[PDB]
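Raw coords_29.pdb, PDB, C-alpha atoms:
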ATOM      1  CA  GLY S   1       3.412 -15.646  -1.678  1.00  0.00           C
ATOM      2  CA  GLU S   2      -0.167 -15.575  -2.944  1.00  0.00           C
ATOM      3  CA  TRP S   3      -3.268 -13.446  -2.384  1.00  0.00           C
ATOM      4  CA  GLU S   4      -5.037 -10.300  -3.587  1.00  0.00           C
ATOM      5  CA  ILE S   5      -7.838  -7.836  -2.848  1.00  0.00           C
ATOM      6  CA  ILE S   6      -9.899  -8.626   0.248  1.00  0.00           C
ATOM      7  CA  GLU S   7     -12.451  -5.954   1.150  1.00  0.00           C
ATOM      8  CA  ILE S   8     -13.618  -2.590  -0.187  1.00  0.00           C
ATOM      9  CA  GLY S   9     -13.962  -0.596   3.018  1.00  0.00           C
ATOM     10  CA  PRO S  10     -11.021  -0.094   5.425  1.00  0.00           C
ATOM     11  CA  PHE S  11      -8.552  -2.130   3.369  1.00  0.00           C
ATOM     12  CA  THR S  12      -8.525   0.914   1.090  1.00  0.00           C
ATOM     13  CA  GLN S  13      -8.870   3.786   3.554  1.00  0.00           C
ATOM     14  CA  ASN S  14      -6.050   2.095   5.453  1.00  0.00           C
ATOM     15  CA  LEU S  15      -3.374   2.970   2.911  1.00  0.00           C
ATOM     16  CA  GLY S  16      -4.993   6.384   3.037  1.00  0.00           C
ATOM     17  CA  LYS S  17      -4.044   6.809   6.686  1.00  0.00           C
ATOM     18  CA  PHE S  18      -0.395   5.833   6.298  1.00  0.00           C
ATOM     19  CA  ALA S  19      -0.625   7.429   2.856  1.00  0.00           C
ATOM     20  CA  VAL S  20      -0.312  10.974   4.179  1.00  0.00           C
ATOM     21  CA  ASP S  21       1.878   9.753   7.036  1.00  0.00           C
ATOM     22  CA  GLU S  22       4.157   7.984   4.553  1.00  0.00           C
ATOM     23  CA  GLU S  23       3.728  10.221   1.506  1.00  0.00           C
ATOM     24  CA  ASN S  24       6.846  11.906   2.887  1.00  0.00           C
ATOM     25  CA  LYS S  25       8.924   8.721   2.730  1.00  0.00           C
ATOM     26  CA  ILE S  26       8.996   7.841  -0.973  1.00  0.00           C
ATOM     27  CA  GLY S  27       8.750  11.571  -1.599  1.00  0.00           C
ATOM     28  CA  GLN S  28      10.076  14.613   0.246  1.00  0.00           C
ATOM     29  CA  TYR S  29       7.076  16.836   0.972  1.00  0.00           C
ATOM     30  CA  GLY S  30       3.738  15.149   1.594  1.00  0.00           C
ATOM     31  CA  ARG S  31       0.364  16.781   0.990  1.00  0.00           C
ATOM     32  CA  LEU S  32      -3.398  16.427   1.431  1.00  0.00           C
ATOM     33  CA  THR S  33      -5.076  13.262   0.151  1.00  0.00           C
ATOM     34  CA  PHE S  34      -8.397  12.445   1.819  1.00  0.00           C
ATOM     35  CA  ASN S  35     -10.876  13.460  -0.886  1.00  0.00           C
ATOM     36  CA  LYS S  36     -11.464   9.964  -2.266  1.00  0.00           C
ATOM     37  CA  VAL S  37      -8.831   7.476  -1.117  1.00  0.00           C
ATOM     38  CA  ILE S  38      -9.795   3.968  -2.235  1.00  0.00           C
ATOM     39  CA  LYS S  39      -9.979   2.770  -5.851  1.00  0.00           C
ATOM     40  CA  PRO S  40      -9.482  -0.900  -6.857  1.00  0.00           C
ATOM     41  CA  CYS S  41      -6.949  -1.766  -4.155  1.00  0.00           C
ATOM     42  CA  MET S  42      -5.253  -5.125  -3.581  1.00  0.00           C
ATOM     43  CA  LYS S  43      -2.871  -7.046  -1.315  1.00  0.00           C
ATOM     44  CA  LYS S  44      -0.545 -10.043  -1.632  1.00  0.00           C
ATOM     45  CA  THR S  45       1.033 -11.887   1.295  1.00  0.00           C
ATOM     46  CA  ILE S  46       4.509 -13.437   1.136  1.00  0.00           C
ATOM     47  CA  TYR S  47       5.223 -16.382   3.438  1.00  0.00           C
ATOM     48  CA  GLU S  48       8.373 -18.506   3.288  1.00  0.00           C
ATOM     49  CA  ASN S  49       7.642 -22.025   4.504  1.00  0.00           C
ATOM     50  CA  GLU S  50       7.787 -22.150   8.301  1.00  0.00           C
ATOM     51  CA  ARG S  51       7.283 -18.448   9.008  1.00  0.00           C
ATOM     52  CA  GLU S  52      10.655 -17.251   7.717  1.00  0.00           C
ATOM     53  CA  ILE S  53       9.100 -14.111   6.236  1.00  0.00           C
ATOM     54  CA  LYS S  54       5.324 -13.755   6.051  1.00  0.00           C
ATOM     55  CA  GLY S  55       5.318 -10.452   4.193  1.00  0.00           C
ATOM     56  CA  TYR S  56       2.428  -8.535   2.677  1.00  0.00           C
ATOM     57  CA  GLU S  57       2.256  -6.126  -0.254  1.00  0.00           C
ATOM     58  CA  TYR S  58      -0.427  -3.456   0.112  1.00  0.00           C
ATOM     59  CA  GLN S  59      -1.294  -1.637  -3.113  1.00  0.00           C
ATOM     60  CA  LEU S  60      -3.827   1.151  -2.624  1.00  0.00           C
ATOM     61  CA  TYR S  61      -5.226   3.770  -4.998  1.00  0.00           C
ATOM     62  CA  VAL S  62      -5.861   7.124  -3.326  1.00  0.00           C
ATOM     63  CA  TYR S  63      -8.253   9.039  -5.573  1.00  0.00           C
ATOM     64  CA  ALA S  64      -7.888  12.485  -4.007  1.00  0.00           C
ATOM     65  CA  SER S  65      -9.604  15.670  -5.172  1.00  0.00           C
ATOM     66  CA  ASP S  66      -6.518  17.224  -6.753  1.00  0.00           C
ATOM     67  CA  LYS S  67      -6.419  14.027  -8.804  1.00  0.00           C
ATOM     68  CA  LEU S  68      -6.044  10.247  -8.617  1.00  0.00           C
ATOM     69  CA  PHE S  69      -3.168   8.707  -6.662  1.00  0.00           C
ATOM     70  CA  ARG S  70      -1.960   5.331  -5.399  1.00  0.00           C
ATOM     71  CA  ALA S  71       0.689   3.985  -3.035  1.00  0.00           C
ATOM     72  CA  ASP S  72       2.444   0.631  -2.754  1.00  0.00           C
ATOM     73  CA  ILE S  73       3.226  -1.113   0.520  1.00  0.00           C
ATOM     74  CA  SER S  74       5.592  -4.065   0.762  1.00  0.00           C
ATOM     75  CA  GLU S  75       6.863  -5.916   3.823  1.00  0.00           C
ATOM     76  CA  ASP S  76       8.709  -9.100   2.908  1.00  0.00           C
ATOM     77  CA  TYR S  77      11.897 -10.869   3.924  1.00  0.00           C
ATOM     78  CA  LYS S  78      14.703 -13.160   2.705  1.00  0.00           C
ATOM     79  CA  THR S  79      15.651 -10.561   0.135  1.00  0.00           C
ATOM     80  CA  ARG S  80      12.980  -7.923   0.509  1.00  0.00           C
ATOM     81  CA  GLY S  81      12.227  -4.630   2.145  1.00  0.00           C
ATOM     82  CA  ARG S  82       9.538  -3.458   4.515  1.00  0.00           C
ATOM     83  CA  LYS S  83       7.983   0.000   4.272  1.00  0.00           C
ATOM     84  CA  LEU S  84       5.441   2.226   2.524  1.00  0.00           C
ATOM     85  CA  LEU S  85       6.613   4.346  -0.405  1.00  0.00           C
ATOM     86  CA  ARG S  86       4.811   4.325  -3.771  1.00  0.00           C
ATOM     87  CA  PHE S  87       2.363   7.209  -4.173  1.00  0.00           C
ATOM     88  CA  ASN S  88       1.463   7.839  -7.815  1.00  0.00           C
ATOM     89  CA  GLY S  89      -1.462   7.398 -10.187  1.00  0.00           C
ATOM     90  CA  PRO S  90      -1.080   7.792 -13.980  1.00  0.00           C
ATOM     91  CA  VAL S  91      -4.012   8.724 -16.215  1.00  0.00           C
TER      92      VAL S  91
END
Transcribe the structure of this file into structure tokens.
Amino acid sequence: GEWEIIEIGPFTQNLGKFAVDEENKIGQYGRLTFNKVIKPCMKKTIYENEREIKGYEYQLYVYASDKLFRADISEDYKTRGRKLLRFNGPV
């Protein structure tokens, strides 16, 4: 368990892809969000000791046209959960 931001290209757009494809999950009715999906993203892996988990939290900020957004991805184990949900962005 230790890491953080990596790149500033796909790493961001990535969440954007699953963003609209997952926006439904955490929520109920997804929408359009491809205006400006990026913002200061970040990621943090989560490995046990001998490969008992090896999770990864993907936090992306989707700055769409209608406004600024952001989702949170987490895929850990041992006492975690794997899936994309978060999709907000306060002001």
Residues within 12 Å of residue 78 (chain S), only C-alpha atoms, excluding chain neighbours under 3 positions, as a ChimeraX atom specification: /S:46-49,51-55,75,81-82
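Nearest-residue note for residue 39 (chain S): choosing from S:6, S:60, S:26, S:85, the minimum distance belongs to S:60, counting all atoms listed in the file.
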Pull the neighbourhood of (-8.2, 7.4, -16.1) for me: all residues within 12 Å in file coordinates, counting all atoms listed in the file, as a PyMOL selection string. chain S and resi 39+63+67-69+89-91
Hey, what comes out of the PyMOL selection byres ((chain S and resi 23) around 12) on this file? Could you write it as a ChimeraX atom specification? /S:15-22,24-33,62,69-73,83-88
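Picture a line from CA of residue 79 (chain S) to CA of residue 44 (chain S); it runs 16.3 Å.
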Expansion of the PyMOL selection byres ((chain S and resi 9) around 12) into residues, as an NGL selection string: :S and (5-8 or 10-16 or 37-42 or 60)
Quick one, how far is CA of residue 77 (chain S) from CA of residue 59 (chain S)? 17.6 Å
Just how far from CA of residue 74 (chain S) is CA of residue 56 (chain S), in Å to one decimal? 5.8 Å
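Proximity of S:66, S:50, S:76, S:34 to residue 1 (chain S), computed with all atoms listed in the file, is greatest for S:76.
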Which polymer residues, protein or nucleic acid, are no farther than 7 Å from (-3.5, -12.0, -3.9), counting all atoms listed in the file, as an mmCIF file with C-alpha atoms, in the frame of the given file?
data_model
loop_
_atom_site.group_PDB
_atom_site.id
_atom_site.type_symbol
_atom_site.label_atom_id
_atom_site.label_comp_id
_atom_site.auth_asym_id
_atom_site.auth_seq_id
_atom_site.Cartn_x
_atom_site.Cartn_y
_atom_site.Cartn_z
ATOM 1 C CA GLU S 2 -0.167 -15.575 -2.944
ATOM 2 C CA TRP S 3 -3.268 -13.446 -2.384
ATOM 3 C CA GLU S 4 -5.037 -10.300 -3.587
ATOM 4 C CA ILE S 5 -7.838 -7.836 -2.848
ATOM 5 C CA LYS S 43 -2.871 -7.046 -1.315
ATOM 6 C CA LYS S 44 -0.545 -10.043 -1.632
ATOM 7 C CA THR S 45 1.033 -11.887 1.295
#
